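Trainee: Need a 3D model of the following:
(chains A, B, C, D, E and F, ligands or ions: 7)
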Amino acid sequence: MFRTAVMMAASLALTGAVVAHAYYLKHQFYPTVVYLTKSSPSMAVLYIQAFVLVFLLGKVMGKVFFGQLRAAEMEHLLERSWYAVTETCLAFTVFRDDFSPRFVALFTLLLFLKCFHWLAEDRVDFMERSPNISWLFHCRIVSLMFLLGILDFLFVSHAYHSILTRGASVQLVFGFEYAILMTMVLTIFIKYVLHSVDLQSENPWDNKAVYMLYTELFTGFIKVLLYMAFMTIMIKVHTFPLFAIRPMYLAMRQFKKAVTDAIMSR
Amino acid sequence: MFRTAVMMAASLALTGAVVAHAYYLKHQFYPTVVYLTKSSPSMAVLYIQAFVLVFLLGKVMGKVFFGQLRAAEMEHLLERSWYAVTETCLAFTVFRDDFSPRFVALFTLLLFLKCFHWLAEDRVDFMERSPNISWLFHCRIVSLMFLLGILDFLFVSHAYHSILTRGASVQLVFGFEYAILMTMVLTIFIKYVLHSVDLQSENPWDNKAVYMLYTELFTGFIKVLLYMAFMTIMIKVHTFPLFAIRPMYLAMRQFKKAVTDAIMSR
Amino acid sequence: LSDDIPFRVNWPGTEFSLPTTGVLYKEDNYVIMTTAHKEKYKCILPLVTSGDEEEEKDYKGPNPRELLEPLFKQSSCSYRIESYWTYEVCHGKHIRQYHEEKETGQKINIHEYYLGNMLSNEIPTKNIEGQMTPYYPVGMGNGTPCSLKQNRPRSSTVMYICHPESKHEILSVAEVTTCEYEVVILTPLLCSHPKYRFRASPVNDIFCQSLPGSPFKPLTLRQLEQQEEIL
Amino acid sequence: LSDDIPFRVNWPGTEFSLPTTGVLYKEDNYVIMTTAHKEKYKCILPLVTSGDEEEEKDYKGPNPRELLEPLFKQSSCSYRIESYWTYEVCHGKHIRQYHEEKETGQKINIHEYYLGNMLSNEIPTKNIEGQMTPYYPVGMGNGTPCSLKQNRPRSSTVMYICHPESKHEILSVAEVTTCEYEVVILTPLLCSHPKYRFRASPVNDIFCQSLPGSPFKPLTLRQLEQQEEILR
Amino acid sequence: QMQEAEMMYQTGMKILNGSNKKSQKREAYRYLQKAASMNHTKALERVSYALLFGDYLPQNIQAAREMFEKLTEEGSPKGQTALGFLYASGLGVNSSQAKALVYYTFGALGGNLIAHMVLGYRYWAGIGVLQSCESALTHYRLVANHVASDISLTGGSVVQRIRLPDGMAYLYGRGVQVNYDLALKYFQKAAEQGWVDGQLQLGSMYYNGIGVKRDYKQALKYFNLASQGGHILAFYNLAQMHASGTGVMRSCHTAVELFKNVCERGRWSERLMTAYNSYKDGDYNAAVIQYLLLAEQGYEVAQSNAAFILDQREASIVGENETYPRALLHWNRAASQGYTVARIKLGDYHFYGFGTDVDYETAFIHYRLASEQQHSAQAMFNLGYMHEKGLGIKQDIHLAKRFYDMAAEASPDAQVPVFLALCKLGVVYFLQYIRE
Amino acid sequence: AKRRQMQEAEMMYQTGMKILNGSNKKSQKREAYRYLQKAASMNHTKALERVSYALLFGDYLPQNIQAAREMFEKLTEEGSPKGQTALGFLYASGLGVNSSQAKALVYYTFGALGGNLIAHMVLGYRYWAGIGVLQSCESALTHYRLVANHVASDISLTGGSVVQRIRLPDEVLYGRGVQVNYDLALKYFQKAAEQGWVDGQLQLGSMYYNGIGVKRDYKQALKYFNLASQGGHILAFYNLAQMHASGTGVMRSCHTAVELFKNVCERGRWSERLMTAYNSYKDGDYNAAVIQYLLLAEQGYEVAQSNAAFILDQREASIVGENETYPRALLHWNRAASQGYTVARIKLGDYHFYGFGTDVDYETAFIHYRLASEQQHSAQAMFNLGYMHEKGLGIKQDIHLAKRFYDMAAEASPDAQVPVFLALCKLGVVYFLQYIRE
Ligand SMILES: *[C@@H]1O[C@H](CO)[C@@H](O[C@@H]2O[C@H](CO)[C@@H](O[C@H]3O[C@H](CO[C@H]4O[C@H](CO[C@H]5O[C@H](CO)[C@@H](O)[C@H](O)[C@@H]5O)[C@@H](O)[C@H](O[C@H]5O[C@H](CO)[C@@H](O)[C@H](O)[C@@H]5O)[C@@H]4O)[C@@H](O[C@H]4O[C@H](CO)[C@@H](O)[C@H](O)[C@@H]4O)[C@H](O)[C@@H]3O)[C@H](O)[C@H]2NC(C)=O)[C@H](O)[C@H]1NC(C)=O
Ligand SMILES: *[C@@H]1O[C@H](CO)[C@@H](O)[C@H](O)[C@H]1NC(C)=O
Ligand SMILES: *[C@@H]1O[C@H](CO)[C@@H](O)[C@H](O)[C@H]1NC(C)=O
Ligand SMILES: *[C@@H]1O[C@H](CO)[C@@H](O)[C@H](O)[C@H]1NC(C)=O
Ligand SMILES: *[C@@H]1O[C@H](CO)[C@@H](O)[C@H](O)[C@H]1NC(C)=O
Ligand SMILES: *[C@@H]1O[C@H](CO)[C@@H](O)[C@H](O)[C@H]1NC(C)=O
Ligand SMILES: *[C@@H]1O[C@H](CO)[C@@H](O)[C@H](O)[C@H]1NC(C)=O
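Mentor: Residues are numbered from 1 along each chain as shown, chains lettered A, B, ... in the order given. Ligands and ions are numbered 1, 2, ... in the order given. I have put the structure below:
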């Protein structure tokens, strides 16, 4: 971890240099901070510092909540993160919310939560075929799945109440993103429930697994329909978003794989 | 030709109709002519009618001065008039003298004088090999030559006074053209004198050809010197003339056909 | 349609008698009137003729020749600027016109001409600015000869017109014939005689009576008049 | 040096004696002055000291409460509007801080807060807007309890500073600490006493003597003098 | 019973304000007439001020005057004014200026700004009253103050003065108006070169994208609005400086005409299009009547316009024996205000004998005043012909010859008529020379 | 020989003045200044002033206060109106001469009698802000109107060339309809230009290079409209002041008359000296960028007062002593304070806070921040107000009203949210630590 420490030290030196440069011009607290906020290189370097700190925090969280990666979902997580980042950038550029030090962190937090949800999904998928799993990992994954879901629900409630008390704005899309995250958390909970049935029985269950899969598919289809209904309200008001279509395509693909699986099972 | 008379009558009727209309619009003499001058569909008619009247007057003058056309100089006169008209239009637009209905009459008079000079040259050319010429034709030719010389002298005197009183203007080119016409008339006078000297004696004269060749060489040298001076005067002041090039080529061709022929013969 | 007829409305009050001298005032010409603040007025007008000359024009003064004597003795002259020439006019001495030709640097050429030199019950009336007004003509000549008149000396007549704001200036320059010009001069002293005074039509006054129950004159032009006084 | 000491130009003429009372006049700080029309002026300046307080502060006037009793007994008191609240102060009776909320049609809520009720050789002085002026206070407390300090009843101090044109108005209201208040009142009365009058700096006069051969008043100033009064 | 009339008048006013359509305007006018049938004052005057003029209602002059009788007996501030207007220029009634004076002065008594404008104009240029400074200046300021009151808020709608026949008095100050002029002309040259798309080469103009030039001229018109707004503000301000006592000394004769310019622009000057539009599609009987109000108010443009349409005898109210004196009157009024062509028209009036008796001396003086003041070659050529043939004054040649020469170099378009005239003069001289 | 010397001096100065009038080149200006220096060598009083106001202000000549002074005594004993003004300025600002206010006042008055204009503007302002004299309506009224007449008279002819008031510490009842029409037409023009055929990233490639052809004449239209609208408003102010002072319409009202007279005078002709000073602060010449600003500060400008205080603040100016550069900056900070400038009041608070110039005094810096917060709603003022309340600077330490001041600092401006958030977290942390320690 020497390279990461060196990079963090270099980033710390850079932000120290910029704050010293700012403080030398305007010797007081308030003008120093206001000039740091106003000037483009200063906000850019603080954005880099925030990104580095967020990356370090994410690495620490992944180390705490996951003992060791399987080295087979890193590309899947990277692809999902790239898609989510592109979608968030498109939403920000379409909503014309402008570059302010109050909404960029919301997008970064949403991307981090999406990455955590993807990691949780991969962890559940791996545990579905794990023949030697300790009770500690099972008890800690449920705790992470619950705490993250509760935080996402609280943020969604805060944004939804702010939007209702204010009107139609860009926070609605963030609410929908959090709703999708909450749906993922519910799916993770269902996966845990399914694994519980698999864990307690030393015999395969065909009908029970089929019923659990059908219930999860129906819940996902309902979530996809809710997301599509939320997305479709952006045409009559404001203008064409020109975004959030890749997740809609993935939702439709999941819905088709659900309908086809149910038809084949029937 | 009855068609020419019909066309002249139609032009006169059109001018009378537009004048009567303008009189009907504005009842007084002064306001009924400013409308005639500045408006396009009434001002465009007048100088066409003026050109038709000028052509009719030229035909009448040629009918009085010449008994009948030989039907051989008509094409040459038409080509010379087409060249002179193109040259005059180019010079009219080159100097940027604007459209004023007071300088057009001078250009028309100059074109009439040039046509008369070309007709006189063609008549002297025919009179060179004319074995049956009455005294009336010679008297008419002498009167026409004297009138042309007097007119050229008056025009040159006016142009010189304008050039010395006002300054550099479009009158200098007119004076140069008048000098060129005066040289062409001195050449025609010399040719007529030589022809009359040959005609008065019932024997060919060998020295007549030598005198004609010497006079032609002198006239070509004078024309070349005049063209060179005009080129220098146009190059120095105003702008690029880009005209009088075909006449300069013709003058150079005449100078060559004189000097080289004299050198070969002598 | 007689634009130059004057009028002026006054409010003599309630009790008033129509004047007899000058113009005559009838009764059928009356007009009902009411104001925006419910004030009832009864107004009458005269016949607008202003004809004749029954102004009792009695003048015991002498002829106007002595009036212009001080101008001749003073010898203080004014000038007039035209487009090209400069008409210098004096009364009693001469009338001269000249144009300055300023050469480049050393000398100045002068082109000076000479207009002239000075060594009846119905008064004549001229038309100036469309109005008829009397004037006193004078005659003088013996100026510079003109080739157009076959070496005949020029002659000109000086016109006299009154103006209270005049300073013996020249109003306009005009000519009647070649080498025969006319000069108009505004003198403020000649009009003191009633015959030579400016022909101004006497004003014809209209009174509009105010009947009892309303003040002698209407109520808004009060605050209008204090307003125009303190502005 | 500062923007406090005022000066005034005077033109006594030719004869003038330097006063020995007030400011001090010395013979070294003179200026010979020539204006545009060639008149000579000898302008003398006062010493810029403005020191001490030997103004003979001896008055047998009444007590400070004498000038305040009629105002308290007047029972006619003023108001003031703030960004949100509206502090109504009634001298000698009480100060009411409140805000009226206008509900949609029927209710008019008044959020009242009670600022209190009533049942020395050197005069204390207070600085306002950078100027140090002596005042007369009114100690006062027992308002409504303030919940931030386990219900200690509020206190308020009534600050008195005079102003020659006054309507018993409030200039400023202050919150030195939470639920402890300071409010000021401007009245035209109480500075008849020696000490509570505004300390005007003495006007250091300058004199411009007129030497012989020149008028005692410059011509341009002479015409500008009547110009202003006719334009007045 | 008055509430129904008030409701009808309110409905008509709402229809008129919310819709400028001709049919909606006609319906609103009919509703206003229905309201006025019970003699309700406001809508009565509203339909009165357009019924007489036309282009809103049929032009009924006699019913208009009979209505105006009771309108004035009520005490309507705006009813006095138009009745005095009608009685002034002999419109459908015998003309006399004294009753018109009293009616106008009692209209201005009631606070009507049209009547204060009228009193100020007729006192300034001495018509119906003696020429004076103080009264006209005061009455003009009383309207110009309200003029700027409208200009500063609404923006001062810009109207295009169109003529159907088409001290410090040099510029009435300098400075601010000059720079307004250069700003306007720079904006015009900017917009003009902005429209240029000759170097498009499959682009630039976006293949007949009209949606860019429409906004261009719209922005040009709005900048015109702003610029003439500032112009009028500045002109009123210099008028008040020159007026009372300050900046420059007391100067009435260089302040009243500035005030009059400010009042002239104002807001009344929207009837100019209401009359030009009426004239452009027949309806010659409404043009002289809408123009007469503005020519009583004092508009030089309206004066000349009403006089021009009267001179060609298309007005139907006036008798054909009276159109010429009235047109002479109004052309002389336009002359008093300095409009050039009115002077030559008046000179021809005295020349061929329209209305007045043939008198060449008067024609000559109007031609001369037109010549040396406005440098107009028309009347000056006319007086040159006067010398040429010898009417009124003595006959000679050289005078007319030199004024013909000065006409030649005076205007560029005068090259051909003087040449013909000089040719004729030379022909006459040569014939006389031959006869000598 | 005196007459011949005077004639030669007149010819030389006339030639220099003609060169200055006809040539705007810097080298030409310097040569003309050298010629005027030659003319001032033989005491040509016109040239004497024309070179003293350039060798003291250092705009076209190398600056030297001492020579300017020694020739100023002679320009005054002769009796010039433009040598008394500058001598009064020197005596007022202590510039190379013993400071005194009475001498400054008498010199300014005797510049006013000689018909000077700048002395009249200075005396009007110093009678209007109550500096050195008794604050008054009438005196400031007259000494402002006497320049108002001249400035309106010259503007009614030439238009009064525009000047923009750029700010060093910041950058480095009629006329509604006309302005709304103006800027609405501006927005229509702007959207017309932006619609075009994609006026920016067009097809491009090697570029068409057909030429923009729109920027320069549009800018000329904007600047000329600016000059004319300023002209209209300054005559509007003049008319309103005369209406308010003479009593016509509005009864004589003191404050407004002098106020609009001041606002009329400030936009006058001498204000090109503002550019003259700033273009000399660039290129890095402070010693002539503080005198040309000190004078305009004496005149009555608030832009000049703030810029002179900002130059003197950072110890840049070298003419004034380092021992006096802060009080001579505190004077101008106070002067730009009473004329309604936020940064002036905040920096006055700072000067009383850190103990600059005068001794440390928390109580009065407290009062100055309170004024800059209440009267003018300045975010930073109330931010430091909350800070002073938090650690009990000047008054009793309380922990709640500080929270209120920080919160409405957050509400008042959208730019203070980051420092208020960080400081509020610090507040909560220290409150929690104190509670835990209890
Ligand atoms: C243009 O004008 C508009 C006017 O309409 C401005 O509108 C603002 O509107 C908001 C509402 O969104 C107002 O915010 C608050 O308004 C009320 C009242 O709160 C004020 O008073 C509080 C009282 O607290 C103290 O008051 C006494 C004073 O003597 C003390 O003695 C007492 O002990 C007590 O402590 C006050 O505290 C508060 O200031 C801040 O104080 C706390 C502590 O620091 C902060 O944490 C707060 O955030 C607060 O900002 C206000 O000054 C409030 O209602 C209160 O009462 C109801 C009664 O039912 C309760 O239900 C409720 O919970 C609360 O307790 C509101 O809830 C709201 O928070 C604001 O005051 C208005 N501003 C102004 C200037 O009027 C608009 O801002 C203007 N636009 C501008 C200026 O740009
Ligand atoms: C009032 O209206 C009635 C309508 O019935 C009309 O007859 C009457 O003449 C009106 N009053 C006046 C004074 O005209
Ligand atoms: C106008 O007055 C004349 C003369 O007084 C008279 O003949 C005519 O009948 C009157 N006309 C009207 C409509 O009153
Ligand atoms: C006009 O009035 C008089 C009256 O006789 C006269 O000139 C003429 O007859 C009238 N005109 C017409 C057209 O009747
Ligand atoms: C005035 O000019 C004279 C003439 O040379 C010179 O000697 C003198 O020094 C000048 N005055 C001053 C004060 O320098
Ligand atoms: C001004 O003050 C300084 C400092 O003490 C002193 O040396 C100087 O003499 C004073 N100036 C005068 C003219 O006295
Ligand atoms: C300003 O004051 C200091 C403080 O003692 C003193 O040294 C001197 O008077 C001045 N400073 C300098 C460097 O001269």
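Trainee: What parts of chain C come near ligand 1?
Mentor: Taking Cβ under 6 Å from any ligand atom, no part of chain C reaches ligand 1. Just so you know, the C-beta spots here come from the backbone N, C-alpha and C atoms, and that holds for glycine as well.
Trainee: for chain C, what's the longest helix?
Mentor: helix C:220-230 (DSSP state H).
Trainee: tell me which residues of whichever strand or helix holds residue E:368 are tucked away?
Mentor: In the assignment (DSSP states H and E), residue E:368 maps to helix E:360-374. In terms of neighbour count (16 or more other Cβ atoms under 10 Å in any protein chain shown), helix E:360-374 has its buried residues at E:362-371, E:374.
Trainee: And the helices in chain C, which stretches?
Mentor: For chain C, helices defined by DSSP H occupy the ranges C:69-74, C:220-230.
Trainee: how about those, which one is nearest ligand 4?
Mentor: Nearest of the helices of chain C to ligand 4, taken as Cβ to the nearest ligand atom: helix C:220-230 at 40.6 Å.
Trainee: Just list what that closest one packs against, helices and strands only.
Mentor: Packing partners of helix C:220-230 (3 or more Cβ pairs under 8 Å, 6 or more residues apart in numbering or on different chains; DSSP states H and E): helix E:134-154.
Trainee: per-domain residue ranges of chain C.
Mentor: Residue ranges for the domains of chain C, per automatic domain parsing: C:1-50+C:202-231, C:69-192.
Trainee: for the residue in the stretch 51-200 of chain E that chain B sits nearest to, what are its contacts?
Mentor: Nearest residue of the stretch 51-200 of chain E to chain B, counting by Cβ to the nearest Cβ: residue E:165, 11.0 Å away. Applying Cβ atoms under 8 Å, 6 or more residues apart in numbering or on different chains to residue E:165 gives the contacts E:304-305, E:308, E:341.
Trainee: what's the answer for residue C:210, then?
Mentor: The contact partners of residue C:210, by Cβ under 8 Å, 6+ apart, come to C:11, C:13-14, C:39, C:41-42, C:216-217.
Trainee: Export those as a markdown table, with columns for neighbour count and distance to residue E:209.
Mentor: Formatted as a markdown table, the contacts of residue C:210 follow (neighbours: other Cβ atoms under 10 Å in any protein chain shown; distance: Cβ to Cβ, whole Å):
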| residue | neighbour count | distance to residue E:209 |
| --- | --- | --- |
| C:11 | 17 | 69 |
| C:13 | 12 | 76 |
| C:14 | 14 | 77 |
| C:39 | 19 | 66 |
| C:41 | 20 | 67 |
| C:42 | 13 | 71 |
| C:216 | 10 | 72 |
| C:217 | 17 | 68 |
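Trainee: Which of these fall within strands?
Mentor: If you go by DSSP state E, those have C:41-42 in strands.
Trainee: can you tell me if stretch E:85-102 touches ligand 4.
Mentor: No - on the criterion Cβ under 6 Å from any ligand atom, stretch E:85-102 is out of touch with ligand 4, staying 13.3 Å away.
Trainee: ok, so what distance separates the residue of the stretch 151-266 of chain A found nearest chain C from ligand 2?
Mentor: Taking Cβ to the nearest Cβ as the measure, the point where the stretch 151-266 of chain A comes nearest chain C is residue A:167, at 53.0 Å. Counting by Cβ to the nearest ligand atom, to the nearest Å, the gap from residue A:167 to ligand 2 is 55 Å.
Trainee: Pull the number of nearby residues for that residue.
Mentor: Using other Cβ atoms under 10 Å in any protein chain shown, the number of residues around residue A:167 comes to 8.
Trainee: repeat for residue A:13
Mentor: Neighbour count for residue A:13, taken as other Cβ under 10 Å: 10.
Trainee: quick one: is the helix or strand containing it near chain F?
Mentor: Residue A:13 belongs to helix A:2-25 when assigned by DSSP H and E. No - using Cβ under 8 Å from any Cβ of the partner chain, helix A:2-25 never reaches chain F; the gap is at least 11.3 Å.
Trainee: so what does that helix touch, helix or strand wise?
Mentor: When contacts are defined as 3+ Cβ pairs under 8 Å, 6+ apart, helix A:2-25 packs onto helix A:29-38, helix A:40-65.
Trainee: Can you give me the neighbour number for the residue nearest to residue E:413 when sequence neighbours are not counted?
Mentor: Closest residue in space to residue E:413, ignoring its immediate chain neighbours: residue B:34 at 5.2 Å, by Cβ to Cβ, 6 or more residues apart in numbering or on different chains. For residue B:34, the neighbour count with other Cβ under 10 Å is 18.
Trainee: List phi and psi for residue E:333.
Mentor: Phi and psi for residue E:333, reported as degrees, to the nearest 10, are phi -60, psi -50.
Trainee: residues contacting it?
Mentor: Residue E:333 neighbours (Cβ under 8 Å, 6+ apart): C:3, E:125, E:127, E:295, E:303, E:307.
Trainee: now swap in residue A:237 and tell me
Mentor: Residues near residue A:237 by Cβ under 8 Å, 6+ apart: residue A:168.
Trainee: Make sure it is indeed in a helix.
Mentor: No - counting by DSSP: H, G, I helix; E, B strand; the rest coil, residue A:237 falls outside a helix, being coil.
Trainee: For ligand 2, which of the helices of chain C is the nearest?
Mentor: Closest among these, once you apply Cβ to the nearest ligand atom, is helix C:220-230, at 23.7 Å.
Trainee: Show me how far the closest one is from its chain's centre.
Mentor: Using Cα atoms, centre = their mean, to the nearest Å, the mean C-alpha position of helix C:220-230 is found 33 Å from that of the whole chain.
Trainee: CA atoms of that helix as PDB?
Mentor: C-alpha atoms of helix C:220-230 as PDB (Å, rounded to 0.1, in the frame of the first residue of the first chain):
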ATOM      1  CA  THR C 220     -58.900  75.900 -11.500                       C
ATOM      2  CA  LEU C 221     -57.000  78.800 -13.000                       C
ATOM      3  CA  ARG C 222     -56.500  80.100  -9.400                       C
ATOM      4  CA  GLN C 223     -54.000  77.200  -8.600                       C
ATOM      5  CA  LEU C 224     -52.800  77.500 -12.100                       C
ATOM      6  CA  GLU C 225     -51.900  81.200 -11.500                       C
ATOM      7  CA  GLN C 226     -50.100  80.600  -8.200                       C
ATOM      8  CA  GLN C 227     -48.300  77.600  -9.900                       C
ATOM      9  CA  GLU C 228     -47.100  79.800 -12.700                       C
ATOM     10  CA  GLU C 229     -46.100  82.500 -10.200                       C
ATOM     11  CA  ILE C 230     -43.800  80.300  -8.000                       C
END
